[PDB]
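First, one chain by itself: the form deposited without the named molecule, in structure tokens.
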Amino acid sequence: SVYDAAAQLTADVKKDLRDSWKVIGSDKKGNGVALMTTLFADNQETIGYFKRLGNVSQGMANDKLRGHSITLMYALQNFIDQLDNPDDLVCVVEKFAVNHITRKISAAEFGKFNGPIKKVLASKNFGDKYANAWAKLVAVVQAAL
């Protein structure tokens, strides 16, 4: 149930999500690229999925990777904005899952994003409290896969 998953987004969790996003979402180009490069560095087994992006080791200088990273940050923007209404959050999460599902991506695959998110957050001085909050959001996407 994706609804039961969304219900775990309590007042405090939502507050921490916003407070952290106020900072990481301000530099979508930079932090988006950071998230992606960290993903490829900690989980080399995932690179195969982004073959179209060329050499992802170039990072910021890779136009395709940059385009992807910025856009990815807008999916996160989308979720944060829907936190006030669980009904809308679920429909966007599910809309979002469709493309990943067709790519044969599984829930176990998505769980690998918690590491990168946690590391980026820490580089911006956001501790475990925030990493946990973001894991709850990711869990919502997982329940939809």
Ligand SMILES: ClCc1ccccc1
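All residue numbers refer to positions in the sequence shown, first residue = 1.
Below: the form deposited with the named molecule bound, not depicted.
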For this session: Three or more ligand atoms within 2.4 Å of backbone or C-beta counts as blocked, none as open; so place the named molecule from its pose in the deposited complex by superposing the site C-alphas and call it.
Result: open
Problem set entry | 4.5 Å heavy atom contact, residue 117 and the named molecule in the deposited complex | yes
For this session: Report whether the minimum heavy atom distance between residue 56 and the named molecule in the deposited complex is within 4.5 Å.
Result: no
Problem set entry | the named molecule contact at residue 35 in the deposited complex, heavy atom, 4.5 Å | yes
Problem set entry | Heavy atom of residue 89 within 4.5 Å of the named molecule in the deposited complex | no
Problem set entry | in the deposited complex, residues of 6 to 36 near the named molecule [heavy atom within 4.5 Å] | 20, 21, 24, 31, 35
